[PDB]
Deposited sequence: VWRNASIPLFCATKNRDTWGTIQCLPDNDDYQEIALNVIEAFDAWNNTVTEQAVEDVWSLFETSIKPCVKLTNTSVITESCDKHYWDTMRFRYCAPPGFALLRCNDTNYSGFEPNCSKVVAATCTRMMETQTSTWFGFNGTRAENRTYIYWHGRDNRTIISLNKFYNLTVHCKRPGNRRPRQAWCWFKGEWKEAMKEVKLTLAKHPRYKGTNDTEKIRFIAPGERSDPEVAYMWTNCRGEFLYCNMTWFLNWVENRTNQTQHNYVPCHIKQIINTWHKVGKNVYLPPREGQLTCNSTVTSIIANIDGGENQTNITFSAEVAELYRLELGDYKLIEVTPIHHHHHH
């Protein structure tokens, strides 16, 4: 069990090791623990009033506090140590990483929860790269920070549960970059290259959090309709209307949480968009449909790590 230091930070330099190791973003006790810990943080940051599980109704003390301390760092437990794949060609799975490094603690991890897009991530670089599952076509896509991609959401200020989110940045060419880097990724897989490769929403009959883009702003859960943002960047607007909810479905466990009604003021958040959660269905044509898998956020944040034992 990895010791989870809070906030640290960033005196945790690393060293090259003359070894070959197998790395995996998914089958990985660092990321597997990250997901559990983020789920635990999710229920304490924004505090739920009631939780509905199949069998029971849990009522606890809620309020409108909101922990904005969204960043944490892991360090190895006694008799273990952290290795990391420092190869730039890493795509979430590599049985022979030769560029191995070692550190005392991990990088900063962003604990925020969202669907479709990941926000305020670490791991943004001057390249789009793609973590891709060993088995299966689950993927999380890092975006290139060259294109100054942010999201900026507000509720005025008027109607208590309505909100907009503007997608500022060079999305036009950031989005064609991710399409293009998929086209020459070691799993193309069936692809024409551009034009006949497209972004797609999941079905509307999916859960709200799947069908809409789920996120939160100032402790309030927003659900937005992405059809205008998808019309822009395929075929028409660089903003979207999102509506706030109190009953929400839990991402990690099967249940619903009910929260207090929204804040009274003008809400507004400034967020850097750093990843697409998606599944690639390659056409021999291909579609990349957005996902609400969420846990995969944390697999980008720490998927290049590996906890090894020293006996």
Query - Deposited-sequence segments unaccounted for in the coordinates - result: 1 to 7, 15 to 26, 177, 256 to 260, 310, 338 to 345
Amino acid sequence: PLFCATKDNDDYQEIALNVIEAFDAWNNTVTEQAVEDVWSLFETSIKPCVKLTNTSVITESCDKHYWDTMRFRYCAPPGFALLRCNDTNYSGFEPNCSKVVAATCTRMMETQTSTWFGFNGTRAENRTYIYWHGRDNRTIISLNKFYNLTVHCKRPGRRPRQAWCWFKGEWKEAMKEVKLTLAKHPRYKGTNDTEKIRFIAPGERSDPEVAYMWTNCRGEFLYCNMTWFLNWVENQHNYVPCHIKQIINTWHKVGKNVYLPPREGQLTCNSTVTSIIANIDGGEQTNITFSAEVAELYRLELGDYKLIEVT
From here on, numbers count along this sequence of modelled residues.
Query raised in the report: When the C-alpha temperature factors are averaged for each of 140 to 148 and 112 to 120, which stretch ends up with the higher value in the entry?
Result: 140 to 148
**Report entry** Greater mean Cα temperature factor according to the PDB record, 251 to 259 or 64 to 72
**Finding:** 64 to 72
Query raised in the report: Taking the Cα B-factors listed in the entry, which of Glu293, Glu301, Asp11, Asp24 comes out highest?
Result: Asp11
Query - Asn216, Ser206, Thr106, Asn192, ranked by C-alpha B-factor: the highest one - result: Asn192
**Report entry** Third of the chain, ranked by Cα B-factor, where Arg127 sits
**Finding:** middle
Query raised in the report: Is the Cα B-factor recorded for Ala201 in the lowest, middle or highest third of its chain?
Result: middle
Query raised in the report: What third of the chain, by the recorded C-alpha B-factor, contains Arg159?
Result: highest
Query - Lowest, middle or highest third - CA B-factor, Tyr223 - result: lowest
Query raised in the report: When the modelled residues of the chain are sorted by Cα temperature factor, does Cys97 land in the lowest, middle or highest third?
Result: middle
